[PDB]
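So you can see what is in the structure, the chains are spelled out below.
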Amino acid sequence: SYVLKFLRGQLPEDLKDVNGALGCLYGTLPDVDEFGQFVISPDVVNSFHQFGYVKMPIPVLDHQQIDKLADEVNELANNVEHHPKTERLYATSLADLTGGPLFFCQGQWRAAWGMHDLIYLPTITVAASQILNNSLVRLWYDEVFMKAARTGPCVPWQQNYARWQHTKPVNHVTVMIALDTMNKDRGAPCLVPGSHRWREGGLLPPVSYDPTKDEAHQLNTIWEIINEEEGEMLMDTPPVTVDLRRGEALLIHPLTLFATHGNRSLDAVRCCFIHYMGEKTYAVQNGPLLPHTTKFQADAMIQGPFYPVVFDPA
Amino acid sequence: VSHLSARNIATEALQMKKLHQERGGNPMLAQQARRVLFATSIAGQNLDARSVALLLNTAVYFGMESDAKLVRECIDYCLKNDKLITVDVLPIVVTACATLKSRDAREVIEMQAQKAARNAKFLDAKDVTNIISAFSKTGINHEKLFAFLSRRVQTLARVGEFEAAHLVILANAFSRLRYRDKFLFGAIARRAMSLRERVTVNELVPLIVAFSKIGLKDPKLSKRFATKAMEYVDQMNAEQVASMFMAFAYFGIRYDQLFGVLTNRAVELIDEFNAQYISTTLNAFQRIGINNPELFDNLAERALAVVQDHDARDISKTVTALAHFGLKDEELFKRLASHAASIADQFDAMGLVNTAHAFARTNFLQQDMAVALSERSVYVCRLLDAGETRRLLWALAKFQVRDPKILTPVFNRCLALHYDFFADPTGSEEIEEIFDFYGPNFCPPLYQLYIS
Amino acid sequence: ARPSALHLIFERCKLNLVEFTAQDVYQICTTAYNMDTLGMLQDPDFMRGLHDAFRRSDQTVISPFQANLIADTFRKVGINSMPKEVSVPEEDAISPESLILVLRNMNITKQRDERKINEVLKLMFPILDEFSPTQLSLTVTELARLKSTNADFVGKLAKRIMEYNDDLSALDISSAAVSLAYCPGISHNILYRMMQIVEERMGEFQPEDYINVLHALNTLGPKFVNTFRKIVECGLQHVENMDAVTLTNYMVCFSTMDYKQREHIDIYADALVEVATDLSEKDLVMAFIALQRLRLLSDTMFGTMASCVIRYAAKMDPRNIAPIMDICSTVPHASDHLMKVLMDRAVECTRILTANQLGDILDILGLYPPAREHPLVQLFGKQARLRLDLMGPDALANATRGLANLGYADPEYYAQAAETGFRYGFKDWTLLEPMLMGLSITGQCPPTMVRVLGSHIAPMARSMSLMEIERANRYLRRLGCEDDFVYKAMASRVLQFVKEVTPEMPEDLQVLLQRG
Amino acid sequence: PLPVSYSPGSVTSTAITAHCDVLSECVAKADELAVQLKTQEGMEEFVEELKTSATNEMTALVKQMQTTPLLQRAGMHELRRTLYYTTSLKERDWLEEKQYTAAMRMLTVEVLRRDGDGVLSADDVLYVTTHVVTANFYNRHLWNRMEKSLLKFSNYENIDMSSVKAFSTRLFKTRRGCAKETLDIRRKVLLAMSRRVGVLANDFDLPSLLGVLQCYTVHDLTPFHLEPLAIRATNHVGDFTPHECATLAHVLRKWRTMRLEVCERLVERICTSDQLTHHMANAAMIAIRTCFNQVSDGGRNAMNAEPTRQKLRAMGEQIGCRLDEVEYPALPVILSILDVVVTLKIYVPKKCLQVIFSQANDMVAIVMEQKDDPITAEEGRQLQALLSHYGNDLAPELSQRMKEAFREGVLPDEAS
RNA sequence: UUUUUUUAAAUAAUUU
RNA sequence: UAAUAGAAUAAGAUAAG
């Protein structure tokens with residue numbers, strides 16, 4: 001077609017169509033023979049496979065990049081001048097146009113710069129490939145959480161794969177990145193060590209969510225979904241909260257029991273979840289996996305513009 | 001780059017933008033400029049109005065939306081300090097805010113429109129064209145401002161104060177706004193007359209295109225343009241020949257002695273035509289109505305070689321033109337249907353319905369194309385006319401599509417526009433076909449409205 | 001190393017668990033700026049938490065400059081921060097002090113807002129009678145800095161200030177004079193009365209008062225030359241012991257007013273060059289320009305001032321290279337060493353020079369003999385080819401003329417310059433000529449280019465003189481123009497002066513008379 | 001059967017109908033009391049009780065809309081009247097900010113949901129746009145969707161006359177202090193129905209014809225599709241009141257329809273008035289000046305040009321003789337009337353001149369003495385020149401006053 | 001190549 | 001406790017009412 005002279009430098013309507021990654025945060029991706037620098041130690045992989053989660057030794061982003069990424073989150077929940085490309089999100093907490101004390105966004109990698117760049121970050125993608133038995137890494141989807149000051153709620157105990165039942169094999173990993181300093185008083189993760197090998201790699205029954213109640217009861221709902229032996233290993237190794245810095249990341253298994261604390265600080269707290277999947281991932285039904293996405297059929301290999309390949313060890 | 005002040009950043013961003021838009025669209029420069037602009041802030045430093053305007057324009061030019069920090073800072077500066085945006089930097093701000101569609105952008109555009117309306121008597125040759133082009137980028141309906149700018153343009157053109165570039169920019173800007181002024185365009189045409197040899201081939205074709213698009217219905221200047229361009233055909237490029245065909249299809253007057261020469265020149269450069277040029281030539285021949293199989297065979301043979309280069313617009317226009325003329329090219333139609341099925345999500349509201357109707361009119365049914373466009377049809381129902389909805393429904397019925405998730409949007413749209421749906425006589429036959437397939441069971445209210 | 005108590009305090013600050021007021025944030029920032037033993041600026045996660053506390057605090061309690069200092073110390077560490085804008089006082093809050101505070105915050109924190117300025121002026125109009133004499137001068141200064149266009153309100157304030165002549169001191173009088181001089185739209189009657197006030201109390205002036213009055217006189221222009229007269233005589237008894245910057249301002253005023261009494265100008269220049277070594281880069285540049293504009297650059301004068309400017313020539317500002325290059329020319333004095341280092345400095349910063357500065361530098365260096373055998377010609381040719389898109393008609397003419405005079409040969413650049421100049425027509429023969437000089441170096445151009453060039457030339461031939469006619473004919477024959485209209489126009493212009501084909505007429509002119 | 005969800009814009013009746021009926025009756029009683037006044041305290045007591053009842057009704061409606069899925073099950077006419085009442089009760093100061101925003105956010109959400117399905121008819125888009133932009137409620141997606149949907153001119157082809165008049169009146173009344181960002185979209189509402197107005201040109205009544213013309217001209221819009229609309233007015237003069245003729249003259253001047261033949265009828269109809277005012281006199285002078293500049297001394301009828309100038313001058317004298325009855329509100333009116341009189345060499349009796357110059361004296365005296373309260377220096381110079389030209393014996397006080405005003409410097413400059 | 005420009009305008013009607 | 005300024009510069013096709 002003819003792109004007008006003042007529209008030649010524009011970008012696609014949704015950043016899904018942007019093949020590759022823009023150079024905004026860390027420039028361009030390294031060369032094919034330059035991907036060996038971001039490899040992680042085998043002890044980190046062993047710790048992930050033993051505990052069900054692991055904290056990467058080094059922060060993944062510089063402070064200026066974290067500031068820019070937090071500005072993207074701050075502008076993704078404007079509620080006055082709503083974000084451009086808001087329709088390019090799988091879900092939003094502001095669909096009601098009011099929001100609340102908790103802001104959650106999904107599929108923001110198609111809406112803002114930096115967030116689209118964060119998907120192709122080598123530091124986390126190489127580690128995800130190593131976790132996934134050195135295979136192709138494909139984005140599953142994104143998620144952004146923002147809890148307000150003095151009133152932010154807490155997300156109770158949950159299993160990630162319990163929301164991904166339409167994907168056949170368990171071949172997933174979660175990377176959670178703290179865009180702000182976190183603690184037990186503001187959005188720190190609370191994971192159960194060794195909880196990904198409890199029900200023979202199965203899924204625990206969903207927890208009962210009763211809002212408008214204190215955080216202690218919300219975090220104490222664990223004793224209602226476990227059985228006697230799981231009670232014993234919970235007695236032996238109680239849930240542990242991980243303190244995260246301004247850029248530190250955390251790898252989480254899909255089957256690991258996981259919750260987030262509430263926000264009692266004087267400022268909002270932000271975090272970003274990115275879900276990755278391997279090459280050998282299939283669907284179970286006929287239809288789309290996400291709202292307004294490419295539809296697959298039967299046991300169809302999950303691929304397309306909505307699930308880009310972010311790393312290839314070949 | 002850290003040692004460079006923001007006044008130098010604006011200059012280098014403008015340099016990068018100028019190199020990008022004109023001297024080839026190198027992605028290297030685009031991504032370097034995007035990376036440089038992504039880490040810039042107008043905070044704590046005193047800056048000129050021109051520097052802020054340049055930063056805003058170069059940021060917005062490189063795909064930066066209204067949620068950016070630099071864009072927000074530049075937009076805020078303009079609002080707080082408005083009088084600092086003189087007529088020299090008004091077009092920059094208007095061009096930057098044209099694509100930005102937000103409350104602050106709307107307010108800024110309105111304030112600059114009023115400023116340009118007040119100061120329309122004091123502009124010179126550069127300012128009038130720059131302002132009118134910048135306001136032609138944005139979609140505005142301030143007729144009074146356009147009339148004042150046209151009066152100033154006529155006053156300046158009486159003393160002969162416009163070059164060929166100024167003339168083409170003015171004509172394009174005024175034809176984009178659909179501002180039909182017989183005297184303004186007569187003055188522009190007479191200024192081209194007076195300029196004479198200073199208007200080259202590269203600067204004459206866009207003038208003819210802009211004069212054809214506005215539609216003045218004046219046969220006195222169309223003949224003159226044909227005569228003036230008849231000597232420049234041998235120098236014309238393929239992209240210029242296609243634009244010439246399109247412009248003189250827009251005019252609507254038949255010039256056989258010119259169309260023959262244009263056809264010969266197009267045949268000479270058949271190896272240089274892309275998909276866009278083929279689609280433009282076919283659409284121009286469809287509009288003007290001449291049926292020339294000899295050029296059509298060459299155009300179809302060329303289009304069979306550049307199938308992978310075809311865009312959704314090109315596919316729609318080429319298929320519609322080939323269907324109108326009753327030309328049978330089974331291989332080309334199969335390849336185009338497969339390609340359209342490949343890029344079904346790029347179709348806009350008009351293109352999807354045009355492609356579906358053109359494929360359904362000819363006895364050509366392909367499940368790869370049919371399923372893809374039927375599924376895509378859901379997202380464009382809300383942007384269609386009553387006649388377009390009727391055409392889309394007939395094409396969907398010819399595909400034998402019965403999925404309720406597809407049929408409910410189109411039936412809702414045709415029910416909301418039922419008066420215009422049933423008031424078009426030329427589609428009456430199509431109506432008695434649509435209800436012949438679906439029957440009274442599907443959407444009873446539409447059937448009852450059809451009976452009445 | 002942070003001990004347990006310090007570590008826990010730092011953690012509480014990092015987690016936004018401590019409610020900080022603006023005063024406490026200011027104290028912490030002052031401590032960090034004064035003593036770096038704890039490494040506060042070396043912890044990004046601590047300074048970011050302090051900034052987050054700063055945003056969510058009540059900043060109205062602290063002075064505007066305290067908020068500006070917090071913002072500056074956050075910017076220095078790498079955090080993008082800006083103090084909040086103050087709201088316009090409402091209902092009972094309108095008092096003179098509260099309204100002056102809004103302008104002061106707009107000044108110090110660089111958050112200028114025309115709408116709030118207008119609202120403050122409308123609120124301050126009714127209560128203008130409650131202002132103390134000092135607050136009126138503060139308002140005049142604040143409005144002068146903000147580049148306000150409401151000259152009527154500033155005139156009212158000036159009248160009220162001048163009603164209190166006895167109360168005001170010399171410093172206040174000088175500040176009011178310079179602030180009024182900076183405002184563009186002040187009625188000349190108020191300026192005349194203020195200058196009359198300044199004329200008296202002349203001996204009470206201090207060096208800062210002299211500098212302020214000289215700045216005001218420089219801004220005002222020659223119409224106040226009489227007042228400047230009362231300056232010069234008043235400065236005649238103190239010239240032998242005076243500040244260097246004051247003498248530079250004196251020379252600038254002498255250049256601006258076009259002073260006629262040469263004895264005082266010579267006295268001031270001779271006193272200036274004694275202490276010219278104490279001047280900064282900008283002051284030295286302005287003094288060097290002023291001495292040139294007054295025809296006072298003798299051999300000793302130029303040598304002494306060039307010896308001083310060579311010191312700053314090593315790291316000269318890009319805005320200062322072109323002026324001293326201009327002063328180096330148009331004088332019959334040796335300046336080889338100055339021009340060498342100036343050309344080297346221009347080479348160093350070739351990638352940051354704007355289009356106008358590059359064109360100017362090339363224009364001055366066009367006719368310089370030692371500039372041809374330099375890398376600068378080639379580097380500037382590439383830079384000009386890059387920057388042709390950002391060049392106006394004047395920059396185009398300057399750059400093309402400078403490159404053509406230097407012997408720079410590049411057909412593509414000259415063709416691109418001609419095409420760029422075809423986009424906006426050449427108003428003058430001086431603008432059009434450099435394109436012809438550049439294109440005549442290669443001796444060939446497309447027929448369309450020479451055809452458009454002739455179309456441009458033919459109208460212009462009705463005013464050019466005989467020398468310009470000969471030069472245009474030379475360029476036209478070099479480019480190979482076959483159009484008859486242009487040659488007919490040039491021959492018609494020639495006939496006006498000659499009226500006949502003189503036998504002695506240069507052989508080149510007879511060919512023109514045949515209208516080839 | 002297909003699960004279509006298209007309900008008529010103007011059956012499927014929910015409790016929203018009853019709530020809107022209660023609100024309608026309350027507003028009707030309040031407006032009836034408002035008419036009845038023309039016991040203020042007892043009146044305002046009943047107004048307060050009705051306001052409390054309406055606030056309770058709206059609170060119940062908002063709670064029902066929040067808790068239950070009522071909007072999806074509701075019709076569409078009920079949604080339109082709910083939007084109307086939510087926007088209207090805010091201008092009447094019967095609702096708070098929080099409740100108004102809560103009620104409008106869900107209305108916009110439901111409107112966007114119905115837009116996604118495509119059931120938004122060609123009339124409901126115009127209705128929602130007019131009742132959202134005039135209330136100055138900003139939603140980015142809603143505004144962008146409406147603006148993009150207002151460019152499909154083929155949809156807005158068979159709009160009813162009542163809808164056109166109601167939307168035009170709604171846009172016209174709230175024009176005075178509308179926000180700038182709301183202007184452009186307002187114009188896109190007017191141009192969407194411009195052809196319906198043009199084909200409805202021979203159907204409007206005379207009072208509403210001028211209303212449409214003023215609504216279009218006040219939004220700096222003079223579309224060609226409304227060209228017959230003006231022409232009929234030019235061919236229907238004499239049925240207008242004398243005051244309306246001034247606005248008709250201004251409109252016809254802005255539509256490039258103002259010729260010599262209509263000027264005579266317009267000025268005669270102006271002079272048929274019982275007593276002139278500043279508006280009729282100013283419009284008449286502007287029309288006379290405009291028709292005075294349309295004569296060419298070297299055209300086809302160059303020999304006929306001077307008689308036309310004499311006719312224009314005499315009919316200007318007709319107005320000029322009646323220049324003492326009017327009351328000038330501001331100096332620019334005087335400086336325009338006197339400029340027209342001097343430029344066209346119109347003769348004015350000394351009595352009218354004395355009254356005119358007496359009126360301006362009080363104004364300049366107010367400006368000079370009060371000094372607290374915008375006569376610029378150039379306007380004062382023009383007034384001084386006018387007084388000197390006509391003679392200083394007319395107003396000897398004004399000459400000294402204005403000369404002292406220049407000496408003191410009270411009058412500001414045009415630059416400031 | 002000779003068309004035209006310069007107000008503070010505020011009077012529609014409705015259950016949306 | 002905190003206040004100093006410089007530059008003058010033009011790109012150009014949306015399947016319409």
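This entry, as listed in the PDB, derives from cryo-EM and reports a resolution of 3.3 Å.

K.L.:
Describe the overall build of chain D, naming the residues involved and giving the relevant values.
P.N.:
Secondary structure assignment for chain D yields 20 helices and 0 strands. Expected size for 416 residues packed as a compact globule is a radius of gyration near 22 Å; at 28 Å, chain D overshoots this value by more than 25%. Seen through its principal axes, chain D has C-alpha atoms that stretch 85 × 55 × 45 Å. Per-residue burial for chain D yields a buried fraction of 51% across its 416 residues. Of the side-chain charges in chain D, 49 are positive and 54 negative, and the distance between the mean point of each set is 6 Å.

K.L.:
Describe helix α14 (residues 260-271) of chain D, listing the residues and the values that go with them.
P.N.:
All names here are of chain D. Over its 12 residues, α14 extends 17 Å from the first C-alpha to the last, a length consistent with the 16 Å expected when each residue adds 1.5 Å. Buried within α14 are the following residues: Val 262, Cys 263, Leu 266, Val 267, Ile 270 and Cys 271. Taken end-on, α14 shows its buried residues confined to a sector of 165 degrees, consistent with a single buried face. Where α14 is buried, its residues contact α12 (227-234), α13 (242-254), α15 (278-292) and α16 (305-321).

K.L.:
A description of the packing of helix α21 (residues 386-398) of chain B against helix α22 (residues 404-416) of chain B should follow, citing residues and the corresponding values.
P.N.:
All names here are of chain B. Two numbers describe how α21 lies on α22: the axes approach to 10 Å, and their chain directions differ by 150 degrees. Judged by the inter-axis angle, α21 sits roughly antiparallel to α22. For α21 against α22, the interelement crossing comes out left-handed. Side by side, α21 and α22 meet where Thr 389, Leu 392, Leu 393 and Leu 396 of the first sit next to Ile 406, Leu 407, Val 410, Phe 411, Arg 413 and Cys 414 of the second. Tallied by class, residues from the contact of α21 with α22 come to 8 nonpolar, 1 polar and 1 charged.

K.L.:
Give me the pattern of salt bridges: which residues, what numbers.
P.N.:
Scanning the model with the defined rule gives 67 salt bridges over all chains in all. Between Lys184(A) and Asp185(A) there is a salt bridge, and its shortest N-O distance comes to 3.4 Å. Residue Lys184(A) is classed as partly exposed on the basis of its relative accessible area, which comes to 46%. The partner of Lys311(D) in a salt bridge is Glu264(D), and the shortest N-O contact between them spans 3.7 Å. Here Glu264(D) lies in helix α14 and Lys311(D) lies in helix α16, a separation of 47 residues in the sequence. Among the residues examined, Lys311(D) registers a relative accessible area of 43% and is labelled partly exposed. The network of salt bridges with common partners includes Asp67(A), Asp180(A), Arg246(A), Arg270(A) and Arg48(C).

K.L.:
Go over the protein's contact with RNA strand F, please, and point to the residues and values.
P.N.:
As a matter of local geometry, RNA strand F sits amid 55 residues, with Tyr2(A), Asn202(B), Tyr250(B), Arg287(B) and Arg313(B) nearest to it. Separating a base nitrogen of RNA strand F from a backbone N or O atom of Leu151(D) is a distance of 3.5 Å. Broken down by element, the residue count for the surface near RNA strand F peaks at 6 residues, all from helix α9 (residues 164-176) of chain B. Class assignment for the residues of the surface near RNA strand F results in 17 nonpolar, 16 polar and 22 charged.

K.L.:
I'd like a rundown of the interface of chain C and chain D, residues and numbers included.
P.N.:
Many descriptions give the size of an interface as the accessible area lost when the pieces come together. Between chain C and chain D, the residue contacts involve 6 residues of the former and 7 residues of the latter. Both faces combined, the contact of chain C with chain D buries some 530 Å², and carbon together with sulfur accounts for 38% of it. Of all residues in chain C, the largest losses of buried area upon contact with chain D belong to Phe125(C), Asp152(C) and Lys159(C), amounting jointly to 52% of the total for that side. Seen at the junction of chain C and chain D, the total is 0 residue pairs in polar contact.

K.L.:
Go over the packing of aromatic side chains, please, and point to the residues and values.
P.N.:
Scanning the entire structure with this criterion turns up 50 aromatic pairs over all chains. Where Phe174(B) meets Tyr179(B), the ring centres are 6.0 Å apart and the plane angle is 45 degrees; that geometry is what we call tilted. Each ring, one from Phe422(C) and one from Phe426(C), has its centre 6.1 Å from the other, and the planes form 80 degrees; the classification is edge-to-face. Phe426(C) matches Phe422(C) in its accessibility class, with the two residues each being buried. Through pairs of rings, three or more aromatic residues link up here, namely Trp140(A), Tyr141(A), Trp164(A), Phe296(A) and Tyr307(A). The ring of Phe442(B) has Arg402(B) sitting right over it, with the charged end atom 5.5 Å from the ring centre. The cationic tip of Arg80(D) hangs over the ring face of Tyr127(D); the distance from NZ or CZ to the ring centre is 4.5 Å.

K.L.:
Could you give an account of the sheet that holds strand β10 (residues 258-260) of chain A, with specific residues and numbers?
P.N.:
Residue and element names in this part refer to chain A. Spatial ordering of the open sheet is given by β5-β10-β7-β8, a layout of 4 strands whose pairing is antiparallel. On the outer flanks of this sheet lie β5 (155-158) and β8 (240-241), each paired with one strand and no other. Relative to β10, strand β7 (residues 189-191) is paired through 3 bridges, and the arrangement is antiparallel. Note on β10: the bridge partner recorded for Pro 189 is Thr 260.

K.L.:
How would you sum up the environment of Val252(C)? Please name residues and give values.
P.N.:
Residues and elements named next belong to chain C. As for its placement among the helices and strands, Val 252 is situated in helix α13 (residues 244-257). For the pair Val 252 and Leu 291, spaced 39 residues apart in sequence, the C-alpha separation works out to 8.6 Å. Setting aside its immediate chain neighbours within four residues, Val 252 contacts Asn 218, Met 286 and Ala 290.

K.L.:
Which residues make up the pairing of strand β9 (residues 249-252) of chain A, and what are the values?
P.N.:
All names here are of chain A. Covered by surrounding structure in β9 are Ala 249 and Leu 251 together with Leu 250 and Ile 252, the residues of both alternating faces. Across 3 bridges, the pairing between strand β1 (residues 53-55) and β9 is antiparallel. Of the residues in β9, the one forming a bridge with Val 54 is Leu 251. Sheet topology places strand β6 (residues 172-178) next to β9; 4 bridges connect them, and they run antiparallel. What sits directly across from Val 175, in β9, is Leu 251.

K.L.:
Outline the protein's contact with RNA strand E, supporting the account with residue identities and numerical values.
P.N.:
Around RNA strand E sit 47 residues, and of these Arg158(B), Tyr85(D), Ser168(D), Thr217(D) and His250(D) come closest. Taking all atoms of RNA strand E within 4 Å of the protein, the share assigned to sugar and phosphate is 50%. Take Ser24(D): an N or O atom from its side chain is 3.4 Å from a sugar or linking oxygen of RNA strand E. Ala330(D) is positioned such that a nitrogen or oxygen atom in its backbone is 3.3 Å from a base nitrogen of RNA strand E. Among the elements of the structure, α8 (143-158) and α10 (182-195) of chain B together with α4 (77-91), α8 (161-173), α11 (206-218), α13 and α15 of chain D are those that each provide at least two residues to the surface near RNA strand E. Class assignment for the residues of the surface near RNA strand E results in 13 nonpolar, 18 polar and 16 charged.

K.L.:
Hey, could you go over the interface of chain D and chain B for me, with residue numbers and the actual values?
P.N.:
Facing 34 residues of chain D, the contacting portion of chain B comprises 36 residues. Interface of chain D and chain B: buried area, both sides summed, is about 3100 Å²; carbon and sulfur atoms make up 50% of it. When the area that chain D buries against chain B is broken down by residue, the three leading residues are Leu2(D), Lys180(D) and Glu181(D), summing to 21%. The closest approach of N and O atoms between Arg103(B) and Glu181(D), which form a salt bridge, is 3.5 Å. Counting across the chain D and chain B interface gives 14 residue pairs in polar contact. Per-class residue counts for the side of chain D that touches chain B are 13 nonpolar, 9 polar and 12 charged.

Reading guide: rules and limits
- Throughout, a per-chain count from 1 in the order the sequence is written supplies the residue numbers; the entry may number residues differently, and those without coordinates are omitted.
- Naming scheme: in the order in which they are written, chains are lettered from A and ligands are numbered from 1.
- These chains belong to a larger assembly; the numbers reported describe only the chains shown.
- Remark: hydrogens and water are excluded; side-chain values derive from all non-hydrogen atoms of the structure.
- Residues with missing side-chain atoms are left out of burial classes, side-chain pairs and their counts.
- Secondary structure elements are defined from DSSP: runs of H or I of at least 4 residues count as helices, runs of E of at least 2 residues count as strands, and each element is numbered from the N terminus.
- Values of the radius of gyration come from C-alpha atoms, whereas the globule rule sets the reference at 2.2 Å times the count of residues to the power 0.38.
- Only protein chains enter the area calculation, which uses a 1.4 Å probe; residues under 20% of their type maximum are buried, those over 50% are exposed, and those in between are partly exposed.
- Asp and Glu count as negative and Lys and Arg as positive, but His and the ends of the chain are not part of the count.
- We put the charge of a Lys on NZ, of an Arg on CZ, of an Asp on CG and of a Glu on CD.
- What a helix should span is 1.5 Å times the count of its residues minus one.
- Within this analysis, the arc is defined by the directions that extend from the helix axis to the C-beta atoms.
- Any two residues having at least one pair of non-hydrogen atoms within 4.5 Å are treated as being in contact.
- Whenever a helix is involved, its axis is fitted only over the stretch in contact; in every case the axis is a line through C-alpha atoms, and angles between N-to-C directions fall within 0 to 180 degrees.
- Should an angle fall under 35 degrees it is taken as roughly parallel, and over 145 as roughly antiparallel, whereas 65 to 115 is taken as roughly perpendicular and any remaining angle as oblique.
- A clockwise turn of the near helix away from the far one marks a right-handed crossing, whereas an anticlockwise turn of less than a right angle marks a left-handed crossing.
- Residues are grouped as follows: nonpolar covers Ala, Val, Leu, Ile, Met, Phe, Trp, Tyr, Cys and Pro; charged covers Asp, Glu, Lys and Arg; every other residue, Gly included, is treated as polar.
- For salt bridges, the criterion is a side-chain nitrogen of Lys or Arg within 4 Å of an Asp or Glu carboxyl oxygen.
- Being near a molecule or strand, for a residue, means having at least one of its heavy atoms within 4 Å of it.
- Each polar contact in these results corresponds to two N or O atoms within 3.5 Å; when the atoms are within protein, one needs to be able to donate a hydrogen and the other to accept it, and residues that are neighboring in sequence are counted only if both atoms are side-chain atoms.
- Computed with a 1.4 Å rolling probe, the buried area is the accessible surface lost when two parts are put together, summed over both parts.
- Here is the rule: rings of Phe, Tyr and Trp (six-membered ring for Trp) pair when centre to centre is within 6.5 Å. Planes less than 30 degrees apart are stacked, more than 60 are edge-to-face, and the remainder are tilted.
- Throughout this description, the term charge over a ring refers to an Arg CZ or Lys NZ atom that lies within 6 Å of the ring centre and within 35 degrees of the ring normal.
- Paired strands, as defined in this entry, are two strands with at least two bridges between them according to DSSP.

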